[PDB]
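**Student:** My sequence and its experimental structure, below.
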Amino acid sequence: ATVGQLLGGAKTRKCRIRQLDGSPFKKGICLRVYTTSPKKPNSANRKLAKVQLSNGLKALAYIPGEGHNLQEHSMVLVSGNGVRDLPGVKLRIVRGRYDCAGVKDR
RNA sequence: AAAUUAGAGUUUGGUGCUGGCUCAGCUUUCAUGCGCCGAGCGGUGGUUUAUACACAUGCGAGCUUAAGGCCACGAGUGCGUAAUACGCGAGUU
RNA sequence: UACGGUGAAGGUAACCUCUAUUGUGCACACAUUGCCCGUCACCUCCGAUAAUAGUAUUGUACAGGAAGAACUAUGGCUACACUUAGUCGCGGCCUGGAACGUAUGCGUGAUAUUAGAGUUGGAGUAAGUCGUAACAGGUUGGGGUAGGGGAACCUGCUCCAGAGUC
RNA sequence: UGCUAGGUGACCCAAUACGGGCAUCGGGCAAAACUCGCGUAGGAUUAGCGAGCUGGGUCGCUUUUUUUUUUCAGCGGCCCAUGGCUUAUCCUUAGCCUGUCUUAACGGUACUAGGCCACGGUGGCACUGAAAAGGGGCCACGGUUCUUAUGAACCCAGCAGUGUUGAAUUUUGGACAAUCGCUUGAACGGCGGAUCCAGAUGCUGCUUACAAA
RNA sequence: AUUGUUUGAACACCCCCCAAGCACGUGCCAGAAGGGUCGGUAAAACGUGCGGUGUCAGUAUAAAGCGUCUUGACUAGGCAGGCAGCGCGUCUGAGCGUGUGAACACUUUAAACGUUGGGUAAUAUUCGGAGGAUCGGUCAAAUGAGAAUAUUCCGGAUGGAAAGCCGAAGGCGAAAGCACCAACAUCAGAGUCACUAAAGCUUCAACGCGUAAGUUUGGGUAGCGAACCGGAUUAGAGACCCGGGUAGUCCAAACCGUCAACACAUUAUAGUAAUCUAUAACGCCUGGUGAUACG
């Protein structure tokens, strides 16, 4: 019709998580095991995890469950759920695998 | 006898817009936990999805009257290629 | 607390107020102690950028230039067949040179890659902090182009009224 | 050119009687190979194409073979007409189409099987063949081993299987019986990791309490 | 043909979306969540038991593709008003095209455009005279003109700015814009009356116009008004305001070309001045913060 619209229509098939790189689960080595204080109106000290991942890039990961056993040089499996209460963090450490196993009496 | 269009929550003192996020849909993985692994008949499906990475070992093209006669079909992958490609349509020296 | 005896002074200009009535503006509703501003401050996070250590690919200057080799060859060697016994051989097989043709070397270009010296920006963050941009909003602001200041910024000149309001 | 049937043999094999191979001829249909008409990812932070970049003549372009008639191309050498394109070139992504999933449809996007192309660790090249190379030939590269170091041998994008990476990837199974292919004139012959059957493993459709005839 | 009786086991969820609720536990701690979020001492979300809903040898989480999403709109968004009309024009692209567009003769139009000559209310400086302490200025205060004569006032010179009223919800323009005349001058636009029989529409690309600032060149300059020094509401004050005033505003030539350059109303045709809207070519947007750095 209008030929500008005729040329007006393959884009970037954008992975909405750009750290798993299209995959669901990538393992990695925990660089640092640390906690932080969250955005108000939350004030409970949430425990996080900076991981050197499989793809050579780094992003922060939520640590779930009643405590954990992760230290330096420790391998985990990282999942794709985010934690909302601090900005910019999109990763969840799944439990039922490696040095991070399940809590006692869940 | 032609078989053909689902929304909701989220913004604000409330109302309506404005577009975005999410959940409920279908399909999909030797995905990841937790649980069973009774036995049979089957369909099928893995692009070892990636590495066109390095391959131990064994086998995959030998047949036949020393000599000669026949073994370019099958299998795998997508490096390269944006066009002697591939598809469609006409005519062939 | 109650009940009488006497008993006057004294009054309308936003002249504050405490409203209403209202009908002109807000980005306020925790309803102007708001919404919310930035220089910065400790840190965290993808940028953007890059001297370079360079490796991966190609054009071009020439040496080359292997295996091959377009061309060139009659040095051949042999039968077919024809010569009644050396002839003959249009035609089949064989030492020969060679343009060209990789990989390759010091020059010297392209696209591409991360390593990264090193600088700066965006964003994120509960309590370090200096002033009033913004709103009747207190100098009426700004699209524009240049100046001046520890900071928010202001100085001109046409516009737009998408600030109030008679 | 390649297959199948015929017809021929001053050939070879078999034959208590006759058919095969082997050479040649020709009927049938056939592949192959080329050509052009169109389609086709984005990028101006690719704007001129560093080029014969297109055309005309001349040759070279390695065979005559049934009646009136018959045989491509810049592919190379030479002149020559000076033009040809302008999403032209250049970059980077990417095998392509049908498919499969979804949508009500138009569309949008990982497979099924299968169509075609490309490639065989990298690059160059040739023989033969009508047509060229995935376990054929030669050289150079890059790997892997060994040498008394001088040099040789090999290249799983074939099957199983090993190792890295990965969240994840299977049995070093059986078999020529069925196809189908190659081959052989006996012999239900020989071989085939094609395939057919079994495994592990996602999805599925479909049963499942024992006893007894 | 023969005979006996029967519903497992888990996983997730149970505030709303979304079917399902209570107890103790701990009280912005341990925690969960896809979103709104709940916990800040009486938790219908988090520790556990009970009870219930979904699916069932499966179930939830994670991802990925499509749809929902008209969320790139052809079916099917739009673009003053959230985000979206390029500042305007010339324009043989492509596309849409059976009376529009253009030149002539009259009627009528003015701030349309450039050049040349002349003028002006008014302006500060100056040459002599009147006159002897105020003027300037502001809500208010403060450097100075001035004991050499200030505001003023007389009359004279200077030299260029700007066109003071007209003059207005008035005109001309494509837009920016355009406001002393007189003349040259080149248009333009409207109406009448005639020619012409699509030469029409749009503008990708290109290209011009382009208020004002700013820079190069030449000078000199009524008024205007950045620096530099002086004083003020206030604690510092660099601003608002008072006080002198340089480049620039003035001219002639060039470069720049960007902007709430707005009808924020694309252009054109067809209807009665559109934001009533069918179409023709367009240009632009795709949640916010992030447009700055390279080329």
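**Tutor:** Perfect, thanks for sending it. Residues are numbered from 1 along each chain as shown, chains lettered A, B, ... in the order given.

**Student:** got a list of what residue A:63 touches?
**Tutor:** Residues in contact with residue A:63, defined by CB atoms under 8 Å, 6 or more residues apart in numbering, are A:33, A:46, A:47, A:48, A:49, A:70, A:93, A:100. C-betas here are computed from N, CA, C, even on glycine.

**Student:** Closest to RNA strand C out of those residues?
**Tutor:** Checking the contacts of residue A:63 against RNA strand C by CB to the nearest atom of the strand gives residue A:48 as the nearest, at 10.3 Å.

**Student:** Now that closest one. Nearest residue, chain neighbours left out?
**Tutor:** Leaving aside its chain neighbours, residue A:48 sits nearest to residue A:60 (5.3 Å; criterion: CB to CB, 6 or more residues apart in numbering).

**Student:** Residue A:57 too?
**Tutor:** Looking at residue A:57 with CB to CB, 6+ apart, the closest residue is residue A:19, at 6.3 Å.

**Student:** any idea how far that neighbour lies from residue A:103?
**Tutor:** Plainly put, residue A:19 is 26 Å away from residue A:103 if you go by CB to CB, to the nearest Å.

**Student:** do residue A:85 as well
**Tutor:** 21 Å.

**Student:** tell me the centre residue of chain A?
**Tutor:** Residue closest to the average C-alpha location in chain A (CA atoms, centre = their mean): residue A:91, at 1.3 Å.

**Student:** hey, what's that one bridged with?
**Tutor:** Here residue A:91 sits in beta bridges with residue A:61, as judged by DSSP bridges.

**Student:** what number of residues lie near the residue nearest to residue A:48?
**Tutor:** 20 (other CB atoms under 10 Å).

**Student:** Just give me the neighbour total for the closest residue to residue A:43 other than its chain neighbours.
**Tutor:** Spatial nearest neighbour of residue A:43, excluding adjacent residues (CB to CB, 6+ apart): residue A:37 at 6.8 Å. Residues near residue A:37, counting by other CB under 10 Å, number 12.
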